[PDB]
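I have placed the structure first, in the form of structure tokens, so that the comments after it can refer back to it.
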Amino acid sequence: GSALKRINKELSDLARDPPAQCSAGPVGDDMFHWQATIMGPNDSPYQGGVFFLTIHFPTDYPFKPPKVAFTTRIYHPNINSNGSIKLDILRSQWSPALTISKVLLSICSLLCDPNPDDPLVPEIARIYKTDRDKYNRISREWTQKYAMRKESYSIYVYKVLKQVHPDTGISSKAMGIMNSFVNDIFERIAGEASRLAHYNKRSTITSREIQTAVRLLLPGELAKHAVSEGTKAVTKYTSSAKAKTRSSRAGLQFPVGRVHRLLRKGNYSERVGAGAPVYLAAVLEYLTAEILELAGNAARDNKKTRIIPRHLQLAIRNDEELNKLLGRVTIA
């Protein structure tokens, strides 16, 4: 679609020469929903703070303006508690010629030079005009008080397979599918968790939002066992000593740090608790163990010692719950 491609080009343009004091990227695999971070302009009382914004592209982009709003509380004549930004380009003076990079730069200038004559919060716009010292001081108070290549898991898939079926291998084509399953589950769970975080106005994704997403997106026994594996992992991670590896502290084969990084890298939320990646990592490992156990069992009926894409198709189709989860994923 034109909207998508236009969005993808701006990202490419933004990626090469990012805007000063700014950065933006999609949320998960959703190109129509971005997260943006602005470093406190040096020529402003907001210096030192990191402000988080949300961006939503309409279907008719670039012929319609993007919906931009602050998720971090800020004190400004043109920004209200809803994060709404009164800026001419955002609504009145939209043009397809503008870019998200230009928008963000126009917002930065707005923080350096407010427009108190066309205000969104009158009290702030009055304090700004009559007592600039009071405005600058409160701004810093708020700044201080509020603004402070598909992934591959071949090793861990291999490690789980060695636990479940020590004498069964997996072809390269079968391993690629595994990576597709793990990445899809990651995207869908994280995506939902992000939704829940924004929905309830939470700046940190914790194991709480990871569990609710699992309980909602996984069917029947898969969800019940998944929730059990995620809980057992988070319990072991808290009690276990700090000296050993995050994955080891949770008794998992999958990498917590990598998941934790991806949780941040994906812009699913402003922050990500330390429990969240453990929970998701445990959930990812369990499903991998389930899929690999069935596939290997499938490779055995045909007297094969190496899982191939066919045995993966079979293991999913033979299990009602898994097929409900992995039906859409392609299997060549």
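To be explicit about the labels: the chains of the structure tokens are called A, B, and onward in the order shown, and within each one the residues are counted from 1, while ligands get numbers from 1 in the order they are shown.
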
Residue contacts of residue 203 in chain A (12 Å, only C-alpha atoms) excluding same-chain residues fewer than 4 positions away, as a PyMOL selection string: chain A and resi 51-54+70-73+146-147+193-199+209+264+267-273

Can those selected residues be exported to a file as a PDB file, in the first residue's frame so that it contains C-alpha atoms?
ATOM      1  CA  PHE A  51      10.260  12.277  26.960  1.00  0.00           C
ATOM      2  CA  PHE A  52       8.280   9.468  25.323  1.00  0.00           C
ATOM      3  CA  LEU A  53       5.636  10.036  22.650  1.00  0.00           C
ATOM      4  CA  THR A  54       3.239   7.868  20.663  1.00  0.00           C
ATOM      5  CA  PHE A  70       3.100  12.657  24.829  1.00  0.00           C
ATOM      6  CA  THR A  71       3.128   9.649  27.134  1.00  0.00           C
ATOM      7  CA  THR A  72       5.487  11.389  29.583  1.00  0.00           C
ATOM      8  CA  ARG A  73       3.943  14.111  31.731  1.00  0.00           C
ATOM      9  CA  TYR A 146       8.515  12.430  35.504  1.00  0.00           C
ATOM     10  CA  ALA A 147      11.112  12.513  32.677  1.00  0.00           C
ATOM     11  CA  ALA A 193       1.474  -6.638  26.206  1.00  0.00           C
ATOM     12  CA  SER A 194       2.264  -3.253  24.654  1.00  0.00           C
ATOM     13  CA  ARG A 195      -1.451  -2.743  24.014  1.00  0.00           C
ATOM     14  CA  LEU A 196      -2.223  -3.537  27.655  1.00  0.00           C
ATOM     15  CA  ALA A 197       0.530  -1.191  28.855  1.00  0.00           C
ATOM     16  CA  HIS A 198      -0.777   1.748  26.819  1.00  0.00           C
ATOM     17  CA  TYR A 199      -4.381   0.810  27.621  1.00  0.00           C
ATOM     18  CA  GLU A 209       1.048  -7.832  31.040  1.00  0.00           C
ATOM     19  CA  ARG A 264      13.217  -2.543  24.601  1.00  0.00           C
ATOM     20  CA  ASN A 267       9.509   0.119  21.494  1.00  0.00           C
ATOM     21  CA  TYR A 268       6.649  -1.801  23.121  1.00  0.00           C
ATOM     22  CA  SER A 269       6.807   0.578  26.101  1.00  0.00           C
ATOM     23  CA  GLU A 270       8.961   3.182  27.811  1.00  0.00           C
ATOM     24  CA  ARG A 271      10.497   0.651  30.223  1.00  0.00           C
ATOM     25  CA  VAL A 272      10.497  -3.127  30.675  1.00  0.00           C
ATOM     26  CA  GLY A 273      10.649  -4.854  34.042  1.00  0.00           C
TER      27      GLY A 273
END

Long-range neighbours of residue 42 in chain A as JSON, numbers by chain, 12 Å cut-off, only C-alpha atoms, 2 positions minimum in chain: {"A": [20, 21, 38, 39, 40, 44, 45, 46, 47, 48, 49, 108, 109, 111, 112]}

Those of range 44-115 of chain A in DSSP helix (DSSP H, G or I), formatted as a PyMOL selection string: chain A and resi 100-112

Write a file of the just-selected residues containing N, CA, C and O atoms, as an mmCIF file, in the first residue's frame.
data_model
loop_
_atom_site.group_PDB
_atom_site.id
_atom_site.type_symbol
_atom_site.label_atom_id
_atom_site.label_comp_id
_atom_site.auth_asym_id
_atom_site.auth_seq_id
_atom_site.Cartn_x
_atom_site.Cartn_y
_atom_site.Cartn_z
ATOM 1 N N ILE A 100 7.801 12.831 9.360
ATOM 2 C CA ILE A 100 7.826 12.610 10.802
ATOM 3 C C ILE A 100 9.086 13.206 11.411
ATOM 4 O O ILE A 100 9.069 13.685 12.551
ATOM 5 N N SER A 101 10.196 13.191 10.666
ATOM 6 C CA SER A 101 11.414 13.833 11.147
ATOM 7 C C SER A 101 11.219 15.338 11.283
ATOM 8 O O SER A 101 11.637 15.941 12.278
ATOM 9 N N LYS A 102 10.584 15.963 10.288
ATOM 10 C CA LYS A 102 10.285 17.388 10.378
ATOM 11 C C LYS A 102 9.364 17.675 11.555
ATOM 12 O O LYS A 102 9.584 18.625 12.316
ATOM 13 N N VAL A 103 8.317 16.863 11.713
ATOM 14 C CA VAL A 103 7.382 17.051 12.821
ATOM 15 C C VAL A 103 8.134 17.074 14.144
ATOM 16 O O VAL A 103 8.015 18.018 14.935
ATOM 17 N N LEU A 104 8.922 16.028 14.401
ATOM 18 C CA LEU A 104 9.655 15.942 15.658
ATOM 19 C C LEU A 104 10.536 17.166 15.869
ATOM 20 O O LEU A 104 10.634 17.686 16.987
ATOM 21 N N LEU A 105 11.185 17.645 14.804
ATOM 22 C CA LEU A 105 11.987 18.858 14.919
ATOM 23 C C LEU A 105 11.125 20.072 15.230
ATOM 24 O O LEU A 105 11.564 20.973 15.953
ATOM 25 N N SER A 106 9.904 20.119 14.696
ATOM 26 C CA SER A 106 9.004 21.218 15.025
ATOM 27 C C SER A 106 8.541 21.138 16.472
ATOM 28 O O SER A 106 8.304 22.172 17.104
ATOM 29 N N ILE A 107 8.414 19.924 17.013
ATOM 30 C CA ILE A 107 8.058 19.773 18.419
ATOM 31 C C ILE A 107 9.202 20.242 19.307
ATOM 32 O O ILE A 107 8.985 20.933 20.310
ATOM 33 N N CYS A 108 10.436 19.870 18.960
ATOM 34 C CA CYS A 108 11.589 20.305 19.742
ATOM 35 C C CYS A 108 11.619 21.822 19.863
ATOM 36 O O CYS A 108 11.808 22.368 20.957
ATOM 37 N N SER A 109 11.430 22.523 18.744
ATOM 38 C CA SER A 109 11.391 23.981 18.785
ATOM 39 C C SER A 109 10.245 24.475 19.658
ATOM 40 O O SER A 109 10.371 25.498 20.341
ATOM 41 N N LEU A 110 9.115 23.761 19.649
ATOM 42 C CA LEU A 110 7.991 24.157 20.490
ATOM 43 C C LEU A 110 8.362 24.117 21.966
ATOM 44 O O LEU A 110 7.883 24.945 22.749
ATOM 45 N N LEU A 111 9.213 23.169 22.365
ATOM 46 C CA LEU A 111 9.673 23.130 23.748
ATOM 47 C C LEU A 111 10.646 24.264 24.042
ATOM 48 O O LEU A 111 10.693 24.762 25.173
ATOM 49 N N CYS A 112 11.426 24.682 23.045
ATOM 50 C CA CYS A 112 12.326 25.814 23.231
ATOM 51 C C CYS A 112 11.569 27.135 23.223
ATOM 52 O O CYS A 112 11.911 28.056 23.973
#

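Coordinates place CA of residue 321 in chain A at a distance of 5.8 Å from CA of residue 219 in chain A.
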
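Distance annotation: of A:99, A:213, A:309, A:22, the residue with the minimal separation from residue 176 in chain A is A:309; atom set is only C-alpha atoms.
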
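Within the 7 Å cut-off around residue 278 in chain A, using only C-alpha atoms and omitting residues fewer than 4 positions from it on the same chain, the listed residues are residues 233, 234, 250, 256 and 282 of chain A.
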
Interatomic distance (Å, one decimal) between CA of residue 59 in chain A and CA of residue 92 in chain A: 18.6 Å

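Closest approach to residue 223 in chain A among A:302, A:211, A:313, A:180 is made by A:211 (distances from only C-alpha atoms).
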
Nearest to residue 31 in chain A, chosen from A:205, A:151, A:266, A:260, with only C-alpha atoms counted in the distances: A:266
